[PDB]
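> sequence first, structure after, both from an experimental entry:
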Amino acid sequence: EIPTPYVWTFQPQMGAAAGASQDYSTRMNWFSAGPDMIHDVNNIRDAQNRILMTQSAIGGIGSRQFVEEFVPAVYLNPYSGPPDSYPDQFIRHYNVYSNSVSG
Amino acid sequence: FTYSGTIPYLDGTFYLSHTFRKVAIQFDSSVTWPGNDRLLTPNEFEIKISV
Amino acid sequence: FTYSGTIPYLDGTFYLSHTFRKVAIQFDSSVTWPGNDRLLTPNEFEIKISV
Amino acid sequence: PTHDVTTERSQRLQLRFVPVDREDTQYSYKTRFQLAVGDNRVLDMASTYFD
Amino acid sequence: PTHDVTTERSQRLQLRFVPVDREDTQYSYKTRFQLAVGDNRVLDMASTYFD
Amino acid sequence: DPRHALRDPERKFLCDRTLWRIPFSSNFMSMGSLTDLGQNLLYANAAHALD
Amino acid sequence: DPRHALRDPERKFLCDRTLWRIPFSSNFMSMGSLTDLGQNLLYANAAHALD
C-alpha cells in the first residue's frame, strides 16, 4: 500500500552514507481525526511518495552531491519479496562483500 | 603546584605502570571487548596476577 | 551385594542430585565448553552456591 | 538446523544490570537501569525480572 | 584492510594443552600432548613453547 | 515473638527421581534428536578428548 | 648454606618511561594508522557507550 519512505544519514567520513530508516520526526499524527480526514491524509501523503518517486529517478560522495542522490526511496509493500531480495542495504551495520557482521 | 621535579605528564617520565592489576572494557555496558573469547581471560585484560 | 531396597540404577529412584556443587567440561584439555562466555560463570556450571 | 539459528561468536545468555541511580525514600524505593540491547540481538521482556 | 585478514567469529589467540600422559623417570621426564590444530587455522611452531 | 533470639537463614533444595541434563546444543534447547552441534564439522571431522 | 632457613619466592617487575597499549585492532597488530576495526560499519554507523 502506501508506506513511509526511508531517510539516509550522511556519514561525514568515508562518504558511503549509512543505514536508512523510516522517518518519524515528521510523522503527521492524525489517528484522532475523522473518516474523510483519514482518507485525505493518506492522499496527500501518497502524492508525496509520488513526487519523491520522480525526484528519485532523476571514494565517497560529498554532501552537496549526496542530496541529489540517495534520495528518500519508498519501499512499497513490506518485505513482500522472497528471503533473497530484501532491503539489506537499508541496514546500518551492513556491508556488501559479506553479511552484516560487527565486532 | 608545590613541585619542581620531572613532570611525567609532559616529559614522559612515567614510572607507575607496574601498579596496575587489570582493565575491563565494555561497549553499551554489556558487550565486553574484545570478547569473542580472544584472551585466556576473555572478560578482561589481567596485567599481573598475585596468586 | 547385601542390599534389597530400591536400586536407583534400575528403577530410577535417584535422590542424590542435590549433592553436586559444580561441573567443568573441557575438550582437548584446554577448550572449555560451552565457553564463548555463555554463562555468568563461563568457566563452569555451578549447580549451587554456598556464599 | 546447523545454520541461521545460533551464533558462533562469544555472547552472554543472560546479562546482569546494576542501578545507575537509586533513591531510598521513607516509604518507596526507586531505581533506574540503562537496559542496553547489544546490536544483532533481540530481548524479550518476558525473560526479564528484578532480583 | 577490512576483510580477508581477521575472523569475526569467536576464537582463542593462544591455547593451552595438558599432558595426556607423563612419566617421571629417576633421571628423565617425558610428557605427550595431543596438539590439535582446529580447522580453518594455521599454527606456527615458533610460537609454541613448554611452560 | 519478643523473646526471639538472633538467628540465621539457611537455604537448600531437593530433586529426586530426576537426572541432571546438559544438552549438547548451542542454545541448550531441543531442536531435534540430532542436535546442531552434534552435526557440526568441528566434531565429525577430527577427534577430540574430553575431561 | 646449610644454615639456610625456609623461605618464600616473590616476583614482580618494573617498566618506566612507557605507556600501556591496547590497539583497537582485531588482532592487536598494526596494519596501518587507520585500523580495521576503526573502519568497521558497526562503529561508523551507530554510536555506542564506553565503560
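The structure has been received and is ready for your questions. Numbers count the residues shown, from 1 in each chain, chains lettered A, B, ... in the order given.
> and the residue of chain A nearest chain F?
With Cβ to the nearest Cβ, the shortest gap between chain A and chain F falls at residue A:101, namely 17.5 Å. (Each C-beta comes from the backbone N, C-alpha and C, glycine too.)
> contacting residues for that residue?
A:93, A:95, E:8, G:42 (Cβ atoms under 8 Å, 6 or more residues apart in numbering or on different chains).
> do residue F:16 as well
Counting by Cβ under 8 Å, 6+ apart, residue F:16 makes contact with C:13-15, C:17.
> pull out the buried members of the residues you listed.
Neighbour-count burial (16 or more other Cβ atoms under 10 Å in any protein chain shown) is assigned to none of the contacts of residue F:16.
> so which pair among the contacts of residue A:101 is furthest apart in space?
Among the contacts of residue A:101, the pair separated by the greatest distance (Cβ to Cβ) is A:93 and E:8, at 12.0 Å.
> leaving out chain neighbours, which residue sits closest to the most centrally placed residue in chain B?
Centroid check for chain B by Cα atoms, centre = their mean gives residue B:23 as the closest residue, at 4.9 Å. Spatial nearest neighbour of residue B:23, chain neighbours left out: residue B:45 (4.7 Å); criterion: Cβ to Cβ, 6 or more residues apart in numbering or on different chains.
> and that neighbour, what does it touch?
Applying Cβ under 8 Å, 6+ apart to residue B:45 gives the contacts B:22-25, B:39, G:22.
> get me the contact residues on chain D for chain G.
Listed as neighbours of chain G in chain D under the rule Cβ under 8 Å from any Cβ of the partner chain: D:36, D:39.
> count of neighbours near the residue nearest to residue A:22 when sequence neighbours are not counted?
Sequence neighbours aside, residue A:4 is the residue nearest to residue A:22 in space, at 4.9 Å (criterion: Cβ to Cβ, 6+ apart). Residue A:4: 17 surrounding residues under other Cβ atoms under 10 Å in any protein chain shown.
> same question for residue B:31.
By other Cβ under 10 Å, the residues close to residue B:31 number 22.
> same question, residue D:11
Neighbours of residue D:11 using other Cβ under 10 Å come to 21.
> my guess is it contacts residue C:36, does it?
Yes. Assessed by Cβ atoms under 8 Å, residue D:11 is found in contact with residue C:36 at 6.5 Å.
> in chain A, which spans are helices?
With DSSP state H, the ranges of helices along chain A come out as A:35-57, A:64-68.
> C-alpha coordinates for the last one, CSV please?
Only the C-alpha atoms of helix A:64-68 are listed here, as CSV (Å, rounded to 0.1, in the frame of the first residue of the first chain):
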residue,chain,number,x,y,z
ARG,A,64,26.2,18.6,-2.0
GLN,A,65,26.1,15.6,-4.4
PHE,A,66,24.5,13.5,-1.6
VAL,A,67,21.3,15.5,-1.5
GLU,A,68,20.9,15.0,-5.3
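> what sits up against that helix?
Contacts to helix A:64-68, defined as Cβ under 8 Å, 6+ apart, come from residues A:8, A:10, A:15, A:17.
> out of those residues, which are buried?
In the contacts of helix A:64-68, burial by neighbour count holds for A:8, A:17, counting by 16+ other Cβ under 10 Å.
> just the closest of the contacts of helix A:64-68 to residue A:78, please.
Using Cβ to Cβ, residue A:8 comes nearest to residue A:78 of the contacts of helix A:64-68, at 19.6 Å.
> wait, what's in contact with the most centrally placed residue in chain F?
Taking Cα atoms, centre = their mean, the centroid of chain F lies closest to residue F:22, which sits 4.3 Å from it. Residues near residue F:22 by Cβ under 8 Å, 6+ apart: C:23, C:25, C:45, F:28.
> the helices in chain B, which residues?
Counting by DSSP H, one finds no helices in chain B.
> the closest residue to residue A:91 other than its chain neighbours: how many residues sit nearby?
Nearest non-adjacent residue to residue A:91, counting by Cβ to Cβ, 6+ apart: residue A:19, 5.0 Å away. The number of residues packed near residue A:19 is 21, by other Cβ under 10 Å.
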